[PDB]
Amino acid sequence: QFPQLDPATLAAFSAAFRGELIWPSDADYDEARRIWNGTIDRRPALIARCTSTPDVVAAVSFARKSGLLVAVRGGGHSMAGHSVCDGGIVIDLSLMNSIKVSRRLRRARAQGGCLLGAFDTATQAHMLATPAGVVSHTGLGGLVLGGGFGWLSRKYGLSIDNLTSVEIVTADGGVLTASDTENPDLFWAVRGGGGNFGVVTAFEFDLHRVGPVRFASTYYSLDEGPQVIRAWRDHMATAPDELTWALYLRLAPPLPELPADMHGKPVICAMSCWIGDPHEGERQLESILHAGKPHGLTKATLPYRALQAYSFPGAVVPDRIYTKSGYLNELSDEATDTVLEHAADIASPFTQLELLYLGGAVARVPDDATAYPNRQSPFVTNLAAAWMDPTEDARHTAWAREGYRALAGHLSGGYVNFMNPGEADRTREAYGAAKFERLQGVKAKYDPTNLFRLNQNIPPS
């Protein structure tokens, strides 16, 4: 926390760095060191709030020369707590939030500290968009480096499936461009390989015209759980790419569109949208609303930016979280009953068991085309415990582990962006042998000293 640093190397850093520094003595230190996973409480020796690529260069070099453990933070959403370290440096990108958008080229160049909401605002000024996650205050940086999925994915792929190049500052402090024609080995590995390979300071995306989106959300009783999940599973097997439909098993939020009788009870929250013409969307969405008896139905036609900003409306932002996730190739009747059993035990108002269906454009990309594993597994499940009181940490986490272990025979792989702080040992199984090996090769070449290790880490061969 207060390590001795060489004064000369510190002075050099300072003259070269135009951003803001935050030291452990400063009034804003405790707030700046907080990340969205409030169970992570770590005290860096320094927070370096970078404002340009040269800033990031100066910070990487200063960390390398100084031997400080490097944490890189984009939006701070790491479910594993990777964006803050004890005793090291946080290379904080959050003030690097610029997006340039060319309407004529349908192209966006976004800085590596951008929030999704900032990105979506900029592109939707021209009615353009590309795929990213569903929660507006997520960081673009960590999400895209992991793959990145959300509302537009079945139609347009992962965020990485629309990435055309990056600017990246590597461990030696060099700046590189990686694309299909420049450093293509590196460009393959950052598309799903995390922060393993250097600090991405700029992402370039291809964009799509995305007009108003017919959206519906509704709640079903858990009593109809088997019928609704089976309807969903079967429907999605053959659904148009334009339909996206997610199920979130949760306590029903105390909202006026729901009967007060249902408040605080476990329910299925079904969220769905049609990426395409809204009169077609009305017809498609209507055909799936009656999976069970619907309650608290909201239907609306939203600009895409509002659909992005919609998840997940509540009075409280949860302080503490714990996730256990994996992919499924098939969702059997026995797996569904497991899901529903564990759902009924849910305790916190903020906890959910989510069941996502990917496939569509995501699956049509050849497996070896990026470092993202598991394109062929269309289902994702996430036991996302979330709560407030730290005295309850044991009970919440036990809930998520029990559900995972009960589902374990059905699960395969794992999305790097959904790993928790105790899942370092999941990296090889999540990527697979062929992928984990080619990633190690690229690690050996670009970060042979493993300067970047506060991520779902790939050690160099």
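Each form is matched to the other, and the largest set of C-alpha atoms that superpose within 1.5 Å is called the rigid core. Don't overthink the numbering: it's just position in the shown sequence, from 1.
- Between stretches 309 to 317 and 201 to 209, the one whose Cα atoms sit farther from the displayed model in 5 other deposited structures of this protein on average is 309 to 317 (core-aligned, root mean square).
- When the mean C-alpha temperature factors of 392 to 400 and 39 to 47 are read from the deposited coordinates, 39 to 47 comes out higher.
- When the C-alpha B-factors of 195 to 203 and 134 to 142 are averaged, 195 to 203 comes out higher.
- You'll see in the entry that, of 303, 366, 117, 147, the Cα B factor peaks at 366.
- Taking the deposited Cα B-factors for 266, 113, 212, 240, the highest one is held by 266.
- Split the chain's modelled residues into thirds by C-alpha temperature factor. Residue 95 is in the middle one.
- When the CA B factors of the chain's modelled residues are split into thirds, the value for residue 253 lands in the highest one.
- Among all modelled residues in this chain, the alpha-carbon of residue 273 has a temperature factor (C-alpha) in the lowest third.
- Residue 308: CA B factor in the lowest third of modelled residues in this chain (values from the PDB entry).
- Split the chain's modelled residues into thirds by C-alpha temperature factor. Residue 405 is in the lowest one.
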